[PDB]
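A quick write-up on the structure given underneath.
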Amino acid sequence: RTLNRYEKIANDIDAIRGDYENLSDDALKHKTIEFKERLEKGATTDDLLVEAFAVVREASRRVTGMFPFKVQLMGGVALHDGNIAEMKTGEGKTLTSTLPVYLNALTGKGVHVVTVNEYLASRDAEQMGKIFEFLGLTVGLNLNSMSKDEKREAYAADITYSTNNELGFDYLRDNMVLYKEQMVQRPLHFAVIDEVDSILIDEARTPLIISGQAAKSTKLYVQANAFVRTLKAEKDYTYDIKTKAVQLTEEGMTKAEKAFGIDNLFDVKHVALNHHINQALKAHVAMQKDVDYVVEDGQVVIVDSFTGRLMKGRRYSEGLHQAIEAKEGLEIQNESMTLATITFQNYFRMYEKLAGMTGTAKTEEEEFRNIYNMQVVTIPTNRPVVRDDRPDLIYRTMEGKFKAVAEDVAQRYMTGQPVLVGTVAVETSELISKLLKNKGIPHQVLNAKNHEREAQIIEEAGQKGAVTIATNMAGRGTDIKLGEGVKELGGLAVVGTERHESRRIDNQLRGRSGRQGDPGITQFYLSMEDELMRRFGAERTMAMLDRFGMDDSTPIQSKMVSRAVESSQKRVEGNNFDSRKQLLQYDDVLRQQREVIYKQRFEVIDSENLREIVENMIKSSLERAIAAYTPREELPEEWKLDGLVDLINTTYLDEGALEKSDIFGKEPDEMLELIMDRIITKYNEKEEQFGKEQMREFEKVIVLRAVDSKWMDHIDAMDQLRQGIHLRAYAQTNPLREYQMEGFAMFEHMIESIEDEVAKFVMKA
Amino acid sequence: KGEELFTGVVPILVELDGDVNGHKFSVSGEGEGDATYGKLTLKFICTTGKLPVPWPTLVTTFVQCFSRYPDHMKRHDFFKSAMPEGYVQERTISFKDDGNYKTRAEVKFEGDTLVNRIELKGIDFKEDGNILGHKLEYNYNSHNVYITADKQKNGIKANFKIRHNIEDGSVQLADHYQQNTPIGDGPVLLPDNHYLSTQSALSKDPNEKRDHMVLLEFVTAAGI
Amino acid sequence: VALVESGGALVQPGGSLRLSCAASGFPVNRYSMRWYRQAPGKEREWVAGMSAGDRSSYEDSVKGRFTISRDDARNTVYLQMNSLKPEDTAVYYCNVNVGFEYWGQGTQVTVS
Amino acid sequence: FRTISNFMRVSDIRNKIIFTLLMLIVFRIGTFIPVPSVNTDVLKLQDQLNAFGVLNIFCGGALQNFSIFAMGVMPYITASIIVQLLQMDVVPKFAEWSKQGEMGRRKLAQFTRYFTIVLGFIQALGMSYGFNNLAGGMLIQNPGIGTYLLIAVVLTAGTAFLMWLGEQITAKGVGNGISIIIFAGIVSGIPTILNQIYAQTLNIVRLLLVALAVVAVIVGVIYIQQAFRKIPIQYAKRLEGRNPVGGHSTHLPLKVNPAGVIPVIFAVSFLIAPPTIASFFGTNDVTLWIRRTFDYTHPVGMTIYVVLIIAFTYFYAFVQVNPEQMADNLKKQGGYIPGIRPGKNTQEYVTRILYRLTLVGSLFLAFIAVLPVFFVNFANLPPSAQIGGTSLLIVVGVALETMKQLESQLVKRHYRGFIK
Amino acid sequence: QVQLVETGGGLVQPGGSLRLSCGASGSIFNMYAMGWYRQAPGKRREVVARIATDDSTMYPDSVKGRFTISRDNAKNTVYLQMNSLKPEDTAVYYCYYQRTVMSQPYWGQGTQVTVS
Amino acid sequence: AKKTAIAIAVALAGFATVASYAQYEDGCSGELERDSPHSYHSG
Amino acid sequence: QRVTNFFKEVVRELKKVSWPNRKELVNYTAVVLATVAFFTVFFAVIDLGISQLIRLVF
Ligand SMILES: Nc1ncnc2c1ncn2[C@@H]1O[C@H](COP(=O)(O)OP(=O)(O)O)[C@@H](O)[C@H]1O
Ligand code: BEF
Ligand SMILES: [Mg+2]
């Protein structure tokens, strides 16, 4: 068992500890210099494990006062081996993160400590920069707000603390550079992902997109808004509540055809018109105002489902964000156009070693074995969990739950025990705050709109008598330290308000008061018109068990509805697991296409003279022109050499350099070599005429422009057919194989088009 | 807005009648214009017979609203202020070593489509020069149109010189003085000096019979 | 379509010079080739130009002097100047119109 | 060949075709292990060839059969189509398991497993009872209703093992599991049939005309299997690709033969159910009329067998494609036929297309099932060399649709890049 | 492998008795199944007598009980004693053997017992 | 009608079991056969 | 006259099926005859092999 290997390493580290704690300063930095020289002398990091962990535990004693535990040493050993090390939420995982980060930063390449949002990235940076700058290592902190040179200075440190968005977008904007020295990332070495179940499991579904800006349509959004604002909610559109999808009813289609005056929406001549109506119809009803965006100074800023924060530079795509901007009369702005695309499995599986930790891994354990080939090690507590995680309170209708949660936070305020009220939305958090404005309680709401102060709200959320209403911002990494006196009255009762989309996420919300040894009394409240029940609850208990009698002065004590709540949450997790398996095996082909094309264009950036690569492109286009005009099926002298010689005179060889008498009845192989010799001579005269480094710069610009424009089109065509391939199961054909074959043929027509573009632009210029 | 409404492709009718030295000409044509890329793809057909003055002396007279604008010069256009209300332009075109064109055109959105109605009157001509001797190569050069505004007439005065490749190996430098007038009187936009960097291409159709000019043309602006 | 001028430098009035413009991407024997001059501040005015064959026309103000010819084998147009006057101090250009209109990089001639 | 060299150079697909061949060996050794207590002497002597009224064998006849795999995966085929027929709004435990997602679908597949093991048990009882009742008066030693159960549970455990290695070869070997096993249950009888056709011997002229008629009907069957009425579909919800090509445009491939082979399988079931119930009453005057009119080689048996093929392939085509479920599925998420209002009118459009294309695959399947009588009469072959039918239609289907799936690994290998 | 002769059949009226003695050449004989079948025209060919290693005699439904089969070594002979004959049994008779499981049960020649 | 459908189940099922008496005679095989995307505007 | 229109539009919708054309048709017939020949020969060989090995195992 690897747990006994881990505690024998932890016992080694405990034993050797005696020759520290008397060792003064400026011998420990000297030991970092010692491990650097002994590591470029012949030993490996596994052999330097116990001494490096001993010196980190003594320097972490000395700098910050948090002397590490034994289960934290077991966590460091479990992370260094590549294994996810689930340590329960509260047990000090930030301070285990400095053990293998220090160990693997000694060699020289980067160590990316990835985490979920910028608050706990900045928090861990200025808390562990003290330990890491106590031993002569650098620390870069990476952010959204930085220019390219600051991010390159941050990445060039020995350790980089960042978020997963900024890492992924640095990788994409590195593969859209023009010079080799405009790249911020080093070649990738190691990541210690804090909260791996968000990054690698939950939010590894969503793909990173970079979209440069296209043309501005503004008339049709205002037209489609002024139409769909008059549609008489259920008689003309429908709204599937389970998956948020609105369509028009048969009356609404006739109304649209007589409001725009047209003949038939569903023609082909009006596809764009139909598109705008559908997007306008989704921007009204399927996504409400404060639930999943906000309006900040005339821009709709969309709010993360997962992290809870608002992400600022990001836009909805396929023409939706403009329909939201025209819903509210804001300035409609330009229309995006996808340039680059990655997903978090495809990005994080390029890292040559990656570790990670969380509190709630075990539920998804095999997935870390099926997707990433990492096993989840389970590591002990070091102090028993005395956290009274009480069971639910299912109610009837919503406002009964809100009246009860205000009564509960009132009667916990009258003792002075701090209460953290979790939520998920921002309009329900300001709803419950205006339920606590009357009843007279001081509180501090922490929405997506109140991020600007929140780093100090946390240090007031744990003294006597605090009340703190928090959305998902304070739901994963937030360390609410208990103040003075509060531990005696059982500190930090966490009152949930609705059930999340996994046992992982709400177990982590309860972990916000599970903190080491300290007691905390958590509780969830639920209802039956809670929207996870109305979306995802089976109809065998909705109308059949909404018969209790509507008073809501008590919870529901009948375990039919508790079975219903657990069944609903389990089918949410099941839908997400099926979607994650599906899109894993469909994104694992454009993984291969993008690896090939990014490898070739990184090779055409950092080559000294790409004379040979462009010549190989021109011969690979020439042979295909030759074998196109000279087929096998026809016998010779009926090959139509006139069109072939005109294509060579128009495309490769001036307009009078080739005539039919130069070929007239030769086999196609020798006629292409007597084209290719003239091409090589013409190219070498153009090289000695145009310059030596200037022709390199010229052909590099031509090549990169061709690769980038044809690759924009290929991403867009592949994601155009990925929509339609699930229809292709009605011929009983396993649609993944259809997609993979058809995408390969589409990629080869893309590369044939690249080589044609590079050929005629290089030698008709 | 106005032409910010016409970001999509625009139909372009061109109608031209004119007289030089008592000799008649009438050329029509149709094509498309685009503003977000800013190009003109135009198929033009001489529907009277033969050209008295040749096609290169015709191309500046044959619609300056189809420019491509980057983000900063969006305030500094006149040609999106008089549209869709309509536009009128007349030019004094002085050929050096020859006479003068006075061209007379209204360029406006008739119905939807951009119609350029041109009547050209070419006076002060001797036939034994180069233009009525048809000494022009079948080409047109790249240029920079200088644009300024006047507020006594609240319109646009444009100055430029153009360069025709003469088939003897010379060039006809000819200067255009251009007057540009709104028809409607709404929000006028009179910017400072700027310049249209323009380039062209003249070609033909191999599957067409009569004497026809095919025009492809790019406009960009800069300066402000 | 890359016209490159070369062979120009500073010169005292009297020492004869040779102007080369090497063309790339088209053959000269089916396109008219031209040379312009430009003083700083003055408009880039016309000097001379061949036209697709066996004739050429010069401007009246430097006639009897200039020679525009071409190596059709070497794809290059040459300009003989013969006996500098200080009026000829200009940036010289070679020019063509092959669909689009193409200049060179601009060569410097200064009659000091 | 230059492509089979490709198939046996790359590592994983060579390992998995070798795993497929090993599992077919593990299959075919079990046909020589017999049922534990049967008198196998009477089993091999019983040869009542054909053209007999009572014996009007169809697919070749399971006469010299009755090994432990002899029940076949035919119980799984009929149980799977029973539960497919029952998901359509009947017994809504299955309807809610269907509409809920895929881990309910695991319980649905488990229901199908237990309903197969039940039908395998009771149909092994019926098969052994009939196959001792007339083919040989005594076939099981120690005979009686207490001892049919041991050999019936041996047969049911056997085809449980056959479904086991079916799902093992579909996990680790090449393609479909039980389709490769059925393909191995059909093509492994052609050695004996070549022995019988040769041992018969228009010496060579007849056999050459036969072989080219076989290749003509096999190219007819590839031409009808591999054909699509590509209905053009159009998703309204993205921007049409900003300058597309339109060559690979999203479509909706209706097969010409949507019902597969299955309608002729339960057409032979409803054919031979009334003779096998009228065989109980004893030889009457009407029983011989019944076995003359339900002998499918005489021109009233061919006609009602053809009309049952036409009827069940219309029915099972509409249960297979299901135009109501696909139109509701199209307007549920976006797309629409260009020109067709996506509620009711798109289901009536795909319904009319589905009738007019089911007629062709319908009479194709009727002809491909009444072909083997029209070779046994008009070519004088041994009347167990019955080429045509299901045994043709699914040999070529399994062969192509594992060739394609096999060579769709090479395109994963063969990415190029523009550099080279 | 073994050579096999069948005696005792001939011409008899319906309502008599016969004794079919089938004698072998190869003398080991401790085998799987010895039997007797017909293949009259109308083929059906039905095992009329069947005897195993346990001598567990098996008979079909038409001729059950009236017949008997007897094995002996020291002259490798099986005995299909036949009683109360019937005109339907106008058939050739055959005596078949088989060594182990399946192992291709081999035939013999027959005796054309005529009864009418 | 959907009641018709359950008949069309049972009518074949029992017949598929009564045909099993004559499975020496049949012997045939039968084949089996079967959020809102968000971008990041650069610049 | 419903049949005399119906069979007409059957023949019309046979002009809209995407039929496999001659090149990959001949490719497919080569494939299927190759697999049936190889599996016939393979099953003949392994039946002879396990027959002649079982008949000495008895
Ligand atoms: N060795 C230690 N001694 C005392 N306190 C510790 C020690 N290690 C961690 N802690 C405390 O445990 C708390 C856990 O913080 P953190 O690591 O953010 O939780 P998590 O492990 O869930 O990320 C911190 O407040 C820190 O003060
Ligand atoms: F207790 Be942790 F920061 F999820
Ligand atoms: Mg943490």
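Just remember, in the structure tokens the first chain shown is A, the second B, etc., residues are 1-based per chain, and ligands are 1-based in the order shown.
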If you run DSSP on the backbone, which residues of chain G are helix (DSSP H, G or I), as a PyMOL selection string? chain G and resi 3-13+22-57
Contact residues around range 111-118 of chain D with only C-alpha atoms at 6 Å, ignoring same-chain residues under 3 positions, as a PDB file with N, CA, C and O atoms, in the first residue's frame:
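Below is the file out.pdb, written as the result:
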ATOM      1  N   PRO D  75     -31.971 -15.811 -29.093  1.00  0.00           N
ATOM      2  CA  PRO D  75     -32.722 -15.258 -27.956  1.00  0.00           C
ATOM      3  C   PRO D  75     -32.403 -13.813 -27.645  1.00  0.00           C
ATOM      4  O   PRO D  75     -33.321 -13.050 -27.333  1.00  0.00           O
ATOM      5  N   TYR D  76     -31.141 -13.403 -27.760  1.00  0.00           N
ATOM      6  CA  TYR D  76     -30.810 -12.015 -27.483  1.00  0.00           C
ATOM      7  C   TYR D  76     -31.357 -11.089 -28.541  1.00  0.00           C
ATOM      8  O   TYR D  76     -31.791  -9.982 -28.219  1.00  0.00           O
ATOM      9  N   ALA D  79     -35.179 -10.889 -27.785  1.00  0.00           N
ATOM     10  CA  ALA D  79     -35.474 -10.154 -26.563  1.00  0.00           C
ATOM     11  C   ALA D  79     -35.159  -8.683 -26.722  1.00  0.00           C
ATOM     12  O   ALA D  79     -35.886  -7.826 -26.204  1.00  0.00           O
ATOM     13  N   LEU D 108     -31.741  -0.903 -17.958  1.00  0.00           N
ATOM     14  CA  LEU D 108     -32.497  -1.366 -19.114  1.00  0.00           C
ATOM     15  C   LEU D 108     -31.774  -2.478 -19.859  1.00  0.00           C
ATOM     16  O   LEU D 108     -32.393  -3.473 -20.254  1.00  0.00           O
ATOM     17  N   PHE D 121     -33.921 -20.069 -21.685  1.00  0.00           N
ATOM     18  CA  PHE D 121     -34.323 -21.252 -20.933  1.00  0.00           C
ATOM     19  C   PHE D 121     -35.581 -21.885 -21.521  1.00  0.00           C
ATOM     20  O   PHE D 121     -35.599 -23.085 -21.846  1.00  0.00           O
TER      21      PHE D 121
END
Around ligand 1, out to 10 Å and counting only C-alpha atoms and all ligand atoms, which residues are there? I want them as a PyMOL selection string. chain A and resi 57+60-61+64-72+86-97+120+123-124+194-195+357-359+476-482+508+511-512+514-517
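When only C-alpha atoms are used to compute distances to chain A, the closest of the residues D:154, D:171, D:134, D:337 turns out to be D:337.
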Up to 9 Å from chain D, what residues of chain G turn up? Count only C-alpha atoms and give them as JSON, numbers by chain. {"G": [6, 7, 9, 10, 11, 13, 14, 16, 17, 18, 19, 20, 21, 25, 26, 28, 29, 31, 32, 33, 35, 36, 39, 40, 41, 42, 43, 44, 46, 47, 50, 51]}
Export of prior selection with N, CA, C and O atoms as a compact mmCIF listing (two decimals), in the first residue's frame:
# COMPACT_ATOMS: atom_id res chain seq x y z
N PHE G 6 -48.00 7.72 -57.03
CA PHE G 6 -47.13 7.25 -55.95
C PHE G 6 -45.89 6.57 -56.50
O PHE G 6 -44.78 6.86 -56.06
N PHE G 7 -46.06 5.68 -57.47
CA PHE G 7 -44.90 4.99 -58.02
C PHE G 7 -44.03 5.94 -58.84
O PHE G 7 -42.81 5.77 -58.90
N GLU G 9 -43.51 9.13 -57.97
CA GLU G 9 -42.62 9.79 -57.03
C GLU G 9 -41.69 8.84 -56.30
O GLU G 9 -40.67 9.30 -55.78
N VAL G 10 -41.98 7.54 -56.28
CA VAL G 10 -40.96 6.58 -55.85
C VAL G 10 -39.77 6.62 -56.80
O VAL G 10 -38.61 6.70 -56.37
N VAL G 11 -40.04 6.62 -58.11
CA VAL G 11 -38.95 6.69 -59.08
C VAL G 11 -38.26 8.04 -59.01
O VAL G 11 -37.05 8.14 -59.24
N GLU G 13 -37.85 9.83 -56.13
CA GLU G 13 -36.98 9.84 -54.96
C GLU G 13 -35.90 8.79 -55.02
O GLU G 13 -35.06 8.75 -54.13
N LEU G 14 -35.92 7.92 -56.01
CA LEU G 14 -34.72 7.14 -56.27
C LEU G 14 -33.66 7.96 -56.98
O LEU G 14 -32.50 7.56 -57.01
N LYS G 16 -32.78 10.81 -55.88
CA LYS G 16 -32.22 11.66 -54.85
C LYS G 16 -31.43 10.91 -53.80
O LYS G 16 -30.80 11.54 -52.96
N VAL G 17 -31.46 9.58 -53.81
CA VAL G 17 -30.61 8.80 -52.94
C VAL G 17 -29.17 8.97 -53.40
O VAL G 17 -28.90 9.07 -54.59
N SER G 18 -28.24 9.02 -52.46
CA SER G 18 -26.83 9.10 -52.84
C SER G 18 -26.26 7.70 -52.99
O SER G 18 -25.67 7.16 -52.06
N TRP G 19 -26.40 7.14 -54.18
CA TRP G 19 -26.01 5.76 -54.44
C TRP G 19 -24.49 5.63 -54.46
O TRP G 19 -23.80 6.57 -54.84
N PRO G 20 -23.95 4.49 -54.04
CA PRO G 20 -22.50 4.30 -54.15
C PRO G 20 -22.12 4.11 -55.60
O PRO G 20 -22.80 3.40 -56.34
N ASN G 21 -21.06 4.79 -56.03
CA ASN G 21 -20.68 4.72 -57.42
C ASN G 21 -19.55 3.70 -57.61
O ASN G 21 -18.98 3.20 -56.64
N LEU G 25 -17.70 0.90 -55.08
CA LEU G 25 -18.51 -0.30 -55.20
C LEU G 25 -17.65 -1.52 -55.49
O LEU G 25 -17.79 -2.57 -54.85
N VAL G 26 -16.73 -1.39 -56.45
CA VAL G 26 -15.83 -2.50 -56.76
C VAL G 26 -14.84 -2.72 -55.62
O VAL G 26 -14.50 -3.88 -55.31
N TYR G 28 -15.67 -2.32 -52.43
CA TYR G 28 -16.45 -3.03 -51.42
C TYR G 28 -16.64 -4.50 -51.78
O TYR G 28 -16.58 -5.36 -50.90
N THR G 29 -16.90 -4.80 -53.05
CA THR G 29 -17.10 -6.19 -53.44
C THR G 29 -15.81 -6.98 -53.32
O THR G 29 -15.83 -8.14 -52.88
N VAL G 31 -13.58 -6.29 -51.02
CA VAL G 31 -13.40 -6.46 -49.58
C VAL G 31 -14.24 -7.62 -49.05
O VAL G 31 -13.75 -8.48 -48.31
N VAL G 32 -15.52 -7.66 -49.44
CA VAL G 32 -16.41 -8.66 -48.85
C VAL G 32 -16.08 -10.05 -49.38
O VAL G 32 -16.13 -11.03 -48.62
N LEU G 33 -15.65 -10.17 -50.65
CA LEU G 33 -15.26 -11.49 -51.12
C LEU G 33 -13.93 -11.92 -50.52
O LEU G 33 -13.73 -13.11 -50.27
N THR G 35 -12.97 -11.17 -47.39
CA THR G 35 -13.22 -11.61 -46.02
C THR G 35 -13.96 -12.93 -45.98
O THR G 35 -13.66 -13.77 -45.13
N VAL G 36 -14.92 -13.15 -46.89
CA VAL G 36 -15.61 -14.44 -46.86
C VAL G 36 -14.66 -15.55 -47.31
O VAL G 36 -14.70 -16.64 -46.73
N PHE G 39 -12.19 -16.14 -44.28
CA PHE G 39 -12.81 -16.77 -43.13
C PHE G 39 -13.33 -18.16 -43.45
O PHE G 39 -13.36 -19.01 -42.56
N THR G 40 -13.67 -18.43 -44.71
CA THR G 40 -13.98 -19.80 -45.10
C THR G 40 -12.75 -20.69 -44.97
O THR G 40 -12.82 -21.77 -44.38
N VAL G 41 -11.61 -20.21 -45.48
CA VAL G 41 -10.38 -20.99 -45.41
C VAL G 41 -9.89 -21.12 -43.97
O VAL G 41 -9.46 -22.20 -43.54
N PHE G 42 -10.01 -20.06 -43.18
CA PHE G 42 -9.61 -20.09 -41.78
C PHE G 42 -10.47 -21.04 -40.97
O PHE G 42 -9.94 -21.83 -40.17
N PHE G 43 -11.78 -21.03 -41.18
CA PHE G 43 -12.64 -21.94 -40.44
C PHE G 43 -12.50 -23.38 -40.89
O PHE G 43 -12.59 -24.29 -40.06
N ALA G 44 -12.23 -23.60 -42.19
CA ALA G 44 -11.94 -24.94 -42.66
C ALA G 44 -10.69 -25.49 -42.01
O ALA G 44 -10.67 -26.63 -41.54
N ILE G 46 -9.21 -24.50 -39.10
CA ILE G 46 -9.27 -24.76 -37.66
C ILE G 46 -10.25 -25.88 -37.34
O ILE G 46 -10.07 -26.58 -36.34
N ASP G 47 -11.25 -26.13 -38.20
CA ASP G 47 -12.10 -27.30 -37.99
C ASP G 47 -11.34 -28.59 -38.26
O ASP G 47 -11.48 -29.55 -37.49
N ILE G 50 -8.81 -28.92 -35.06
CA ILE G 50 -9.35 -29.43 -33.81
C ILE G 50 -10.07 -30.75 -34.01
O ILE G 50 -10.16 -31.52 -33.06
N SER G 51 -10.50 -31.09 -35.23
CA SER G 51 -11.01 -32.43 -35.48
C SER G 51 -9.91 -33.47 -35.31
O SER G 51 -10.07 -34.43 -34.56
Neighbouring residues of residue 198 in chain B were defined as those with any atom within 12 Å, considering only C-alpha atoms; residues of the same chain fewer than 5 positions away were excluded. Please report them as a PDB file with C-alpha atoms, in the first residue's frame.
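Saved as around.pdb:
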ATOM      1  CA  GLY B  38     -14.171  48.366 -48.755  1.00  0.00           C
ATOM      2  CA  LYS B  39     -14.028  47.139 -52.330  1.00  0.00           C
ATOM      3  CA  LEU B  40     -15.935  47.545 -55.577  1.00  0.00           C
ATOM      4  CA  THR B  60     -12.329  58.584 -62.075  1.00  0.00           C
ATOM      5  CA  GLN B  64     -16.475  57.214 -52.880  1.00  0.00           C
ATOM      6  CA  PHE B  66     -17.428  52.365 -50.159  1.00  0.00           C
ATOM      7  CA  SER B  67     -14.209  52.994 -48.256  1.00  0.00           C
ATOM      8  CA  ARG B  68     -12.817  50.724 -45.553  1.00  0.00           C
ATOM      9  CA  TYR B 140      -5.022  52.344 -63.898  1.00  0.00           C
ATOM     10  CA  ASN B 141      -2.542  53.377 -61.223  1.00  0.00           C
ATOM     11  CA  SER B 142      -2.688  53.755 -57.427  1.00  0.00           C
ATOM     12  CA  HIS B 143      -3.398  57.152 -55.913  1.00  0.00           C
ATOM     13  CA  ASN B 144      -4.068  59.315 -52.873  1.00  0.00           C
ATOM     14  CA  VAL B 145      -7.175  61.513 -52.919  1.00  0.00           C
ATOM     15  CA  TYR B 146      -6.806  64.568 -50.667  1.00  0.00           C
ATOM     16  CA  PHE B 160      -5.829  65.113 -56.523  1.00  0.00           C
ATOM     17  CA  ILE B 162      -3.770  61.261 -61.503  1.00  0.00           C
ATOM     18  CA  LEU B 216     -12.127  45.894 -59.510  1.00  0.00           C
ATOM     19  CA  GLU B 217     -11.073  48.466 -56.997  1.00  0.00           C
ATOM     20  CA  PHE B 218      -9.868  48.893 -53.410  1.00  0.00           C
ATOM     21  CA  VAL B 219     -10.297  52.024 -51.290  1.00  0.00           C
ATOM     22  CA  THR B 220      -8.741  52.732 -47.905  1.00  0.00           C
ATOM     23  CA  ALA B 221      -8.526  56.023 -46.029  1.00  0.00           C
ATOM     24  CA  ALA B 222      -5.897  57.398 -43.659  1.00  0.00           C
TER      25      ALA B 222
ATOM     26  CA  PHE C 100      -1.411  46.730 -59.307  1.00  0.00           C
ATOM     27  CA  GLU C 101       1.074  49.588 -59.505  1.00  0.00           C
TER      28      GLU C 101
END
Exercise: range 57-63 of chain E partners within 8 Å, only C-alpha atoms, chain neighbours under 2 positions left out, as an MDAnalysis selection string: (chainID D and resid 136:138 141) or (chainID E and resid 47:52 55 65:67 69)
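The residue set within 10 Å of residue 131 in chain B, counting only C-alpha atoms and dropping same-chain residues fewer than 5 places from it, reads residues 52, 53, 54, 56, 57, 95, 98, 99, 125, 126, 136, 166 and 172 of chain B.
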